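Consider the single chain below, provided in structure tokens and representing the form deposited in one PDB entry.
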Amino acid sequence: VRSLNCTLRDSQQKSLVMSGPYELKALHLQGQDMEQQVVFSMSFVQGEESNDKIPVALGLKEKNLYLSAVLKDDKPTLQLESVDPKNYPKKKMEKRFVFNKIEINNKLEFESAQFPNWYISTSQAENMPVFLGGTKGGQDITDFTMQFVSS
């Protein structure tokens, strides 16, 4: 399946890092300290495609860990999910693992295919978790830049 290596940064130049085994945190990084930032493998999976909307999966580079969208207390929730490392990645990923990547003026948004109008969001503050957020509108950050890495 076609994959790209990549880092994400939020519109405020917060970089993404592993908090626990299973959380991402967003934080202002610079210097050699930038080593500490998470590389994704972004996969081009089967789904609903327009010029503006591309379905992707987001895995970590050489881990069998994928971002999925899951119901946790009657709320859409973002987790890191362990997968069978022999079976993944796929062209037909399961719907929880699928994001619609939206280009909206040199910025990206990641909408969950599974919960419409839920987006990968970060906090305004340091050192808080990446979450699934349902409100675009000037409080949590929903847009990102993407950098390619020479993988």
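Numbers for residues come from their place in the sequence shown, where the first is 1.
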- Note on the structure: Once average C-alpha B-factors are taken from the entry for 18-26 and 125-133, the winner is 18-26
- Task: Please work out which of 7-15 and 134-142 has the higher mean CA B-factor as recorded in the PDB entry.
- Result: 134-142
- Message: For the CA B factor values reported in this entry, which option in 57, 120, 83, 104 has the top one?
- Response: 104
- Message: Comparing recorded Cα B-factors across 112, 46, 37, 43, which one is largest?
- Response: 46
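The following text describes the form solved in complex with a small molecule, which does not appear among the structures shown.
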- Task: Give a yes or no for residue 47: in the deposited complex, does one of its heavy atoms lie within 4.5 Å of a heavy atom belonging to the small molecule?
- Result: no
- Task: Using the partner position in the deposited complex, report whether residue 86 sits within 4.5 Å of the small molecule, counting heavy atoms only.
- Result: no
- Item | Residue contact check: residue 113 to the small molecule in the deposited complex, 4.5 Å heavy atom | yes
- Touches the small molecule in the deposited complex: residue 28 (any heavy atom, 4.5 Å): no
